[PDB]
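Participant:
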Amino acid sequence: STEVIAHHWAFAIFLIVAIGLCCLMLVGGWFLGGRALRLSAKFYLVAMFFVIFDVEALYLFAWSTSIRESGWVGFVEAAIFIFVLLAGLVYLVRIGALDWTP
Amino acid sequence: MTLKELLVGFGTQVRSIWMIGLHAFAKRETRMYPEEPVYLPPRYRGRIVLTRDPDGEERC
Amino acid sequence: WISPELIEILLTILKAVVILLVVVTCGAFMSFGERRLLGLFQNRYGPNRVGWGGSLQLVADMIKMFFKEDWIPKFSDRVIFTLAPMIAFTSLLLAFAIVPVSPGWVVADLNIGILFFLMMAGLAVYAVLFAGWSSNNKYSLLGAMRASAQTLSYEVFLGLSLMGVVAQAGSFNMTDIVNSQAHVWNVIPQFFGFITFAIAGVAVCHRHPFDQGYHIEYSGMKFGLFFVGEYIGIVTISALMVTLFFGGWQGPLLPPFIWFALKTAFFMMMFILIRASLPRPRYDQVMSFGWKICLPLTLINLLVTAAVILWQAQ
Amino acid sequence: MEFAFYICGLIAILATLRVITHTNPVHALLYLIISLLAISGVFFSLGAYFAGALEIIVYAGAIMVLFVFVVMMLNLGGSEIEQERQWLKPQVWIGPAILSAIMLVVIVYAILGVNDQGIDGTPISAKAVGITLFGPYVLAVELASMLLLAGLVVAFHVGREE
Amino acid sequence: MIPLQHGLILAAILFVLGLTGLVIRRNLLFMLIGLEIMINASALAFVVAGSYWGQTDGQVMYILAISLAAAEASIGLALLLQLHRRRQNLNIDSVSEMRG
Amino acid sequence: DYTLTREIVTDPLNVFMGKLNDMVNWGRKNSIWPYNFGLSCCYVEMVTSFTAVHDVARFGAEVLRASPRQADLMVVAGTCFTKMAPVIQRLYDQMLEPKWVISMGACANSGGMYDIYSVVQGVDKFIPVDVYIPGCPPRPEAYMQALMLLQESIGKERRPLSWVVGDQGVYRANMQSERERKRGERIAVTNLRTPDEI
Ligand SMILES: CCCCCCCCCCCCCCCCCC(=O)OC[C@H](COP(=O)(O)OCCN)OC(=O)CCCCCCCCCCCCCCCCC
Ligand SMILES: CCCCCCCCCCCCCCCCCC(=O)OC[C@H](COP(=O)(O)OCCN)OC(=O)CCCCCCCCCCCCCCCCC
Ligand SMILES: CCCCCCCCCCCCCCCCCC(=O)OC[C@H](COP(=O)(O)OCCN)OC(=O)CCCCCCCCCCCCCCCCC
Ligand SMILES: CCCCCCCCCCCCCCCCCCCC
Ligand code: SF4
Numbered sequence: 006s007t008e009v010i011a012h013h014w015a016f017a018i019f020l021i022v023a024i025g026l027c028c029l030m031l032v033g034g035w036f037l038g039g040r041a062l063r064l065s066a067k068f069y070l071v072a073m074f075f076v077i078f079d080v081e082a083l084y085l086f087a088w089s090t091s092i093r094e095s096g097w098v099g100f101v102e103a104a105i106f107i108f109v110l111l112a113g114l115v116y117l118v119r120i121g122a123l124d125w126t127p
Numbered sequence: 001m002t003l004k005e006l007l008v009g010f011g012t013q014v015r016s017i018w019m020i021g022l023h024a025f026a027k028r029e030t031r032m033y034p035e036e037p038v039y040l041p042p043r044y045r046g047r048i049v050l051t052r053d054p055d056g057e058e059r060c
Numbered sequence: 003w004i005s006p007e008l009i010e011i012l013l014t015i016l017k018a019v020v021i022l023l024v025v026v027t028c029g030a031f032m033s034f035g036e037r038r039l040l041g042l043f044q045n046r047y048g049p050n051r052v053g054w055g056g057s058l059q060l061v062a063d064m065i066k067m068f069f070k071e072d073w074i075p076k077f078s079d080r081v082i083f084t085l086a087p088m089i090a091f092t093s094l095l096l097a098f099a100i101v102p103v104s105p106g107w108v109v110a111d112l113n114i115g116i117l118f119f120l121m122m123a124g125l126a127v128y129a130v131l132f133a134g135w136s137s138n139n140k141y142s143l144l145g146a147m148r149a150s151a152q153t154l155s156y157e158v159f160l161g162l163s164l165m166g167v168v169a170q171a172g173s174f175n176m177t178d179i180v181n182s183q184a185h186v187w188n189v190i191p192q193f194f195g196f197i198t199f200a201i202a203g204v205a206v207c208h209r210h211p212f213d214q224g225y226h227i228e229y230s231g232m233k234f235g236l237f238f239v240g241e242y243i244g245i246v247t248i249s250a251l252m253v254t255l256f257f258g259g260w261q262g263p264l265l266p267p268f269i270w271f272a273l274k275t276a277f278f279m280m281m282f283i284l285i286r287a288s289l290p291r292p293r294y295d296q297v298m299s300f301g302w303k304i305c306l307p308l309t310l311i312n313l314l315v316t317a318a319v320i321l322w323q324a325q
Numbered sequence: 001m002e003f004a005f006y007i008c009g010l011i012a013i014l015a016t017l018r019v020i021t022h023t024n025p026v027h028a029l030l031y032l033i034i035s036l037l038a039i040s041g042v043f044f045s046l047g048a049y050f051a052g053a054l055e056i057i058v059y060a061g062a063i064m065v066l067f068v069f070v071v072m073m074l075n076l077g078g079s080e081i082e083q084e085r086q087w088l089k090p091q092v093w094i095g096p097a098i099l100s101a102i103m104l105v106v107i108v109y110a111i112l113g114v115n116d117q118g119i120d121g122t123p124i125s126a127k128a129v130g131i132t133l134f135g136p137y138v139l140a141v142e143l144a145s146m147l148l149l150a151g152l153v154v155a156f157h158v159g160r161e162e
Numbered sequence: 001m002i003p004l005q006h007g008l009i010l011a012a013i014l015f016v017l018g019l020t021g022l023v024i025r026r027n028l029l030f031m032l033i034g035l036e037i038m039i040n041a042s043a044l045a046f047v048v049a050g051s052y053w054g055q056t057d058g059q060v061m062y063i064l065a066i067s068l069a070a071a072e073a074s075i076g077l078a079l080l081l082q083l084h085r086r087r088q089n090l091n092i093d094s095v096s097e098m099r100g
Numbered sequence: 002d003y004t005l006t007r023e024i025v026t027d028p029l036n037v038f039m040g041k042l043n044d045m046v047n048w049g050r051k052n053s054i055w056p057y058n059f060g061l062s063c064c065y066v067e068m069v070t071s072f073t074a075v076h077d078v079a080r081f082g083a084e085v086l087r088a089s090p091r092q093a094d095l096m097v098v099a100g101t102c103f104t105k106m107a108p109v110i111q112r113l114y115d116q117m118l119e120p121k122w123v124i125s126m127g128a129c130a131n132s133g134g135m136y137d138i139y140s141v142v143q144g145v146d147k148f149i150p151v152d153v154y155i156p157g158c159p160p161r162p163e164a165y166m167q168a169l170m171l172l173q174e175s176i177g178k179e180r181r182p183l184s185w186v187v188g189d190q191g192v193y194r195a196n197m198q199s200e201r202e203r204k205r206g207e208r209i210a211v212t213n214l215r216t217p218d219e220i
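Residue numbers (the authors' numbering), protein chains in the order written: chain A, 6 to 41, 62 to 127; chain I, 1 to 60; chain H, 3 to 214, 224 to 325; chain J, 1 to 162; chain K, 1 to 100; chain B, 2 to 7, 23 to 29, 36 to 220.
Here's what the structure looks like:
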């Protein structure tokens, strides 16, 4: 189709022009003008919780686009999925894993 | 935290938004220097001068 | 070279270029309008002398920031320091790249859509991380750890907040999302999704009240890149919110671009009102609200949306 | 279509090659992110749109973010790593590279002797992937949630500060 | 029109490159990075195999693969942080207390 | 008449780079971001100028960057203490070209009333100053007038457009002093309101 190749060209032009525009303004800023603690593990815990819940979120992303086709059985399966996820979140909250200040 | 505390906090945030919007719907309090000249009281302590008598000679 | 296919290709390329130029000038003029609207909220005027109504203040800022002395620290990594503003600009710019502004006026009619928005936000966190590392300052390093922890703690439910609109539309396409809002806008059924997406979009843009410094070592054009990328990102989040929860371009009387621009500008004004009104919460309550409250709210909202959809499908 | 696949595959190969031979951890992770973007481009050229979407959302958006988080947490200034150059001495890397090359030729000889009509590149949408995920693969989803929970519990138990 | 063999060759090249990085690097962090490269190459091979046959099985197995990869990266980084906390170095050859 | 810094010279200003110089000077003078540096009571009047009753935001001088890298103008508003003088000099060195200095108040001008053992007698002893404001404290509109004076000072100075092409020295105009310019109207004042009324 003509529309799809035109849309692909438009998206390619958008990406190229945006990247080249930011590069060109960086080059212009570089060109113009004359011259003259130990981090705790709570950050790791927060990032790891983000990673795990993001993978469970990707499973929910896959489910949400096909709710009608999956029927009530898919709703039941996602209900057990979300219940397990919420049990894990409640477990994390209740043991102080998500609490910053002790 | 308590759910009542969360509801009270949401209500007071909404009140803050509404009253800031009402302040936006109010009149400006800006004196526009230098287009608007600054009113100074007669005994204001600014630039120092030397003056003259009614006869016209210097008073110092 | 006279052929309708080449004419259509050139027209679509020009349409995408026009959209991009309007977006970058809208972000810069929105930085100026943020200054003006903060003046309006705080019972003052703001910049109104540089040109007619202050409209040339942005040009003065751009000329100053272009002709300022470009500085890279002596004991810093040059590639990462240069690359952080690149990410802070381009990531949320190409997050805008999927937004449909009008029927027949779109850049990319992708099958992923707000999935691509999620890819772009996950790329956008690297700007804060890289700016913190490349500064060679432990204060900016700790500030970047805190800012990146906040952005991760709210990107953990950004997509799940969008999943309600995904479920009701039945597809990831933005055109299908704005077509499914032909009768009732998504703000009414997906109200919890609407507030959670508002909070997540505020937090991932490093705006009031979810912010903080990792900006101290940048100056000149790199700081201007971070600034204009932040405002372009606010435009991006506002337009995505309009196209996801308020019907996008759909309206009774006005042309579709008029309705889309009016809703987008209203959300930008609401952003400035949020910045002017709300105070700064502390870190512990911010992360506790991000994890304990908003994420289960998005999960329960997705479950209720699925139950309502399957109940309404006879 | 094939142009994007070949260019992105070459970019990913070069980026991974620069990953395994680098001393700076942040530069190695940046080249790894570039390779992940290229591999997602390969995914999008093959019609697996969900694969590329989850490659940049999760693999280049969560896992690499966690790696950069750990690297900047450790403040790795290359102590006894930047000053050693041990992997660049040929007496260290000639052996394993020869072994991996031999395995690569064996796998390539195995690959070249299979029936291949080519890939049509028809876009497999995320809708069909979600249909198969919550259809014939229900137990896979539930036990994968169980596995993610187990990994979360173990990483919490190990990575505490006290 | 893209051959399946070329995608499988790309996946094999990435797999042996990640394994070479896993072997020749004495750092635990670069070992974990090479492990990440290997599991990503295996997921790439599964995606190519699934897209050749026109099935969602490849993408489903990729989803399971990246779930495992995320969990394994979390586990290895937790162990790396424990090692760096209790030994102040990431030398994988120095941690050889039991042998024979 | 101009002064060099790399010497009293003349005006060196085809026509294209002249318009470029005016545009660069216009962009620099219309967008000046002061550095948030709190020293003493003069900074209290500076932030009084920053509020809504005086509207320093109209001149585009309200961003108030907390880092000296992002700031173009240092407003030394307060006493130059001996302990704080290395801090002032280090913060001035952290700023990047182009940089201008406004001394606000008699303390920053000359030490003011505090000719004492622990006060440096003026910030011009160690950093160069572009604009001086008498007062203790100067009122906020006096600070805005000094900002305008700095604006017309910048508006005719000459600086290199790029670091690779042209003369890299900086030109500063030897402006006519405000005292001799305003003497024509100041001396002609004959009567003022008596101090017994409001
Ligand atoms: C500093 C620069 C760093 C590198 C930046 C990127 C470099 C490359 C720039 C040039 C790109 C040229 C254009 C590439 C093709 C664009 C069009 C495309 O991808 O089309 C394929 C597909 C079409 O989708 P659809 O229309 O729904 O299909 C139905 C029928 N075909 O659509 C899709 O599959 C869409 C999904 C893929 C879109 C990819 C967009 C770019 C991703 C990388 C962003 C990098 C951000 C900066 C760096 C971050 C930190 C490393
Ligand atoms: C396009 C996208 C953007 C759209 C723009 C428009 C929408 C903007 C949304 C902004 C959201 C801001 C959210 C701020 C959350 C702050 C949470 C927090 O940390 O609250 C802490 C505070 C105290 O908590 P506690 O632990 O009890 O501390 C007491 C200890 N002695 O807790 C409290 O005080 C309790 C209340 C917490 C906050 C509840 C939510 C308030 C949200 C702000 C008001 C929004 C009102 C509607 C605006 C218009 C919407 C169309
Ligand atoms: C040019 C020489 C090199 C210059 C420096 C490097 C620049 C970046 C090079 C890689 C990225 C761009 C590759 C070229 C893409 C051009 C567009 C294209 O080939 O589109 C084909 C196809 C469109 O979709 P489809 O429906 O399949 O179309 C079939 C046509 N009927 O497309 C698809 O199906 C998917 C297209 C690819 C996926 C989207 C883009 C991914 C970009 C990944 C960038 C990774 C980082 C690169 C960093 C480079 C610098 C270090
Ligand atoms: C904040 C708004 C950002 C908009 C970005 C895209 C701009 C595209 C401009 C399109 C102009 C034509 C729109 C279709 C024609 C019908 C409406 C005409 C009157 C506006
Ligand atoms: S000049 Fe006067 S008002 Fe200003 S810092 Fe000195 S004592 Fe304070």
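C-beta atoms are modelled at their ideal positions from N, C-alpha and C, and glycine is treated no differently.
#1: Taking the continuous beta strand (DSSP E) assigned at H:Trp73, which residues delimit it?
#2: Is it the case that the Cβ atoms of J:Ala53 and H:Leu117 are separated by a distance below 7 Å?
#3: Indicate the three-state DSSP secondary structure (helix, strand or coil) for H:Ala324 in the structure shown.
#4: If you count every other CB in all the chains shown that lies within 10 Å of the CB of H:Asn188, and 16 or more means buried, which is it?
#5: Please confirm whether J:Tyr137 has its beta-carbon closer than 7 Å to some beta-carbon of chain K.
#6: Would you say the beta carbon of H:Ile116 comes nearer than 6 Å to a heavy atom of ligand 2?
#7: Among the residues of its own chain, which have a CB less than 7 Å from the CB of H:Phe77, if the five just before and after it don't count?
#8: Is there contact here, the segment 51 to 64 of chain B with the segment 16 to 34 of chain H, by at least three beta-carbon pairs under 8 Å?
#9: Where do the N-terminal and C-terminal ends of the alpha helix (DSSP H) with residue 35 of chain B fall, by residue?
#10: Strictly below 7 Å CB to CB, what residues from chain I border H:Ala287?
#11: Should the segment 93 to 105 of chain H be called in touch with the segment 4 to 16 of chain J, which here means at least 3 C-beta pairs below 8 Å?
#12: Does B:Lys105 pass the burial test, meaning 16 or more other C-beta atoms within 10 Å, or should it be called exposed?
#13: Roughly how many angstroms separate the alpha carbons of K:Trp53 and A:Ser91, rounded to a whole number?
#14: Taking any Cβ of chain A, which residues in the segment 71 to 98 of chain K have a Cβ under 9 Å from it, in chain order?
#15: Using CA coordinates, which residue listed in H:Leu95, H:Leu313 and H:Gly161 is at the minimum distance from A:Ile24?
#16: Can the beta-carbon of A:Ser89 be found closer than 7 Å to that of H:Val168?
#17: With DSSP as the reference, label K:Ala70 as helix, strand or coil.
#18: Give the DSSP-derived three-state secondary structure of B:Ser125 in the structure shown.
#19: Output the distance between the C-alpha atoms of B:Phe38 and B:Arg180, rounded to the nearest integer angstrom.
#20: Our contact map puts B:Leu61 next to B:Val98 with C-beta atoms below 8 Å; I'd like the distance itself, whole angstroms only.
#21: By how many angstroms is the C-alpha of I:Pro34 removed from the C-alpha of B:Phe72?
#22: Which one or two residues does DSSP pair with B:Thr6 in a beta bridge?
#23: Locate the alpha helix (DSSP H) running through B:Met96, then write down its first and last residues.
#24: Out of curiosity, what's the CA-to-CA distance linking B:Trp122 and B:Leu172?
#25: Under DSSP, the alpha helix (DSSP H) around H:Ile21 begins and ends at which residues?
#26: Drop a sphere of 10 angstroms on the beta-carbon of H:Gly235, count the other beta-carbons inside from all chains shown, and report buried for 16 or more, exposed for fewer.
#27: Determine the chain B residues that contact A:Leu114 at a beta-carbon separation under 8 Å, and present them in chain order.
#28: Using a 10 Å radius around the Cβ and a threshold of 16 neighbouring Cβ atoms, would you call B:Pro159 buried or exposed?
Facilitator: In brief:
#1: Run containing H:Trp73: none; DSSP gives neither H nor E here.
#2: yes
#3: coil
#4: buried
#5: yes
#6: no
#7: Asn138
#8: no
#9: Coordinates for residue 35 of chain B are lacking, as chain B steps from 29 to 36 with nothing built in between.
#10: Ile20
#11: no
#12: exposed
#13: 22 Å
#14: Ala71, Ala73, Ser74, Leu77, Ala78, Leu81 and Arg85
#15: H:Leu95
#16: yes
#17: helix
#18: strand
#19: 14 Å
#20: 7 Å
#21: 16 Å
#22: B:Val192
#23: It is not in any alpha helix (DSSP H) - B:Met96 instead sits in the beta strand (DSSP E) that spans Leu95 to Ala99.
#24: 8 Å
#25: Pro6 to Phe43
#26: buried
#27: Near A:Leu114 there are no residues of chain B at all, since even the closest Cβ is about 37 Å away, more than 8 Å.
#28: buried
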